[PDB]
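Written out below as structure tokens is the structure these notes cover.
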Amino acid sequence: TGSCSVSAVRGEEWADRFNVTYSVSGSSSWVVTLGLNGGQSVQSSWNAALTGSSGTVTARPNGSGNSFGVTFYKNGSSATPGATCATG
């Protein structure tokens, strides 16, 4: 009981790559697990730290931030990525 709060939006994007702007409510304890779509890799991020760059990444605290954006190469991808925050 205490899942983190998150939100996925079609943040800025491009033709060769797309981006997203996730928003958090009170996830003071960052521990989400983003799941790419086989191929989509992370290129850069800001407003937060991430662990990994392909497969299963997790957000991390670095002072204070609930909204972080990240890039995602597609070159033939599809469904956008998303951040997980559930308990169990």
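Nothing in this text is a laboratory measurement; each read-out follows from the coordinates by a stated rule. Please note: Cβ atoms are built from the backbone with ideal geometry, for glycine as well, and neighbour counts cover all protein chains shown.
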Check: Across segment 7-51, what is the total count of residues that are over 14 Å from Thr80 (Cβ atoms) and surrounded by 13 or more Cβ atoms within 10 Å (Cβ to Cβ)?
Finding: 12
Check: Listed residues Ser28, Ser23, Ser45; which is of a type in the set (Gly, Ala, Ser) and more than 11 Å from the chain's Cα centre (by Cα)?
Finding: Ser28
Notebook entry, point to check: Of all residues in segment 49-88, which are part of a loop (DSSP other than H, G, I, E, B) and within 15 Å of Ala8 (Cα to Cα)?
Noted result: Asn66, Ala79, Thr80, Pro81, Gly82, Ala83, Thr84, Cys85, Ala86
Next item on the list: Collect the residues in segment 1-48 that are among the acidic types (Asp, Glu) and assigned to a loop (DSSP other than H, G, I, E, B), keeping them in residue-number order.
Entry: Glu12, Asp16
